[PDB]
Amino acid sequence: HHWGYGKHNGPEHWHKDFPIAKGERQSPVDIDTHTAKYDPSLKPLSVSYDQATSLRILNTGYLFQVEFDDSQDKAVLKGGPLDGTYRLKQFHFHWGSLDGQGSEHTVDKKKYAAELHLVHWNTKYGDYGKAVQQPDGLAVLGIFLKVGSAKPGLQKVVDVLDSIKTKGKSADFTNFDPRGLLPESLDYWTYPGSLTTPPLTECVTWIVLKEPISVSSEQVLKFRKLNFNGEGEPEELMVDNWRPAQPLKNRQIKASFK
């Protein structure tokens, strides 16, 4: 009886194994665009993915993730609200059973069909496992997906998903360029928060881009053919793997723009 997304082990139950679920800096949150404050001291984000080295794609039983070689300073995120350098470790998505839900963050209560998270860890902490013990250990870049035109840079990901249908499957996934997943603008909101899955650690500086990317109905329908179950177990489609918005509490969301 591990955690997951269902009636019996979903977000409303996680607090019993992970009491920080009721903490003061939980994610995701609703971004109220009217109350987010423009902060002229923020910088433009620096997204430097030119040397990114993807290695593998994995169905974790909760989502799928594309992992990178983060044993050297290749693909990094800096600037914006961040102090120092954050190295890209992996990206993953959360998505819905229907095009009207699936994102973790919301914008003026709007839900998007999915949300991409690019997870980076602060190199001052030496590796990821140390970084997630720190209040400024991770920086997660969040990008909304809406359904419309296909995203060409997503198709390599979509087409390998049939090889990782079930929990614990991986496949080689080299030479994938995550720049193809980024919208035109790097305008963003930022706030201090948490992992959105157990253990829900409060170690994340969230940077959520305002501009969603467009993906096609067929691309997101291929996400929904993944399975939460292992091979040889009853089929449970991997859909609705998002945590709802959590209370903002004593936090301010800052805007990098207008």
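The numbering used is simple: start at 1 and walk along the sequence shown.
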Per the entry, where is the mean C-alpha temperature factor higher: 114-122 or 178-186? 178-186
Averaging the C-alpha temperature factors as deposited, the higher value of 206-214 versus 31-39 falls on 31-39
Say you rank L226, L55, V220, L195 by Cα B-factor from the PDB entry; which sits at the top? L55
Between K169, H92, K89, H105, which carries the biggest CA temperature factor in the record? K169
With respect to C-alpha B-factor, does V132 fall in the lowest, middle or highest third of the chain as deposited? highest
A75 - which third its CA temperature factor falls in, relative to the rest of the chain: highest
Would the CA B-factor of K156 place it in the lowest, middle or highest third of its chain? highest
Relative to the other modelled residues of the same chain, rank the CA B-factor of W14 and answer lowest, middle or highest third. middle
What third of the chain does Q65 rank in for C-alpha temperature factor, lowest, middle or highest? middle
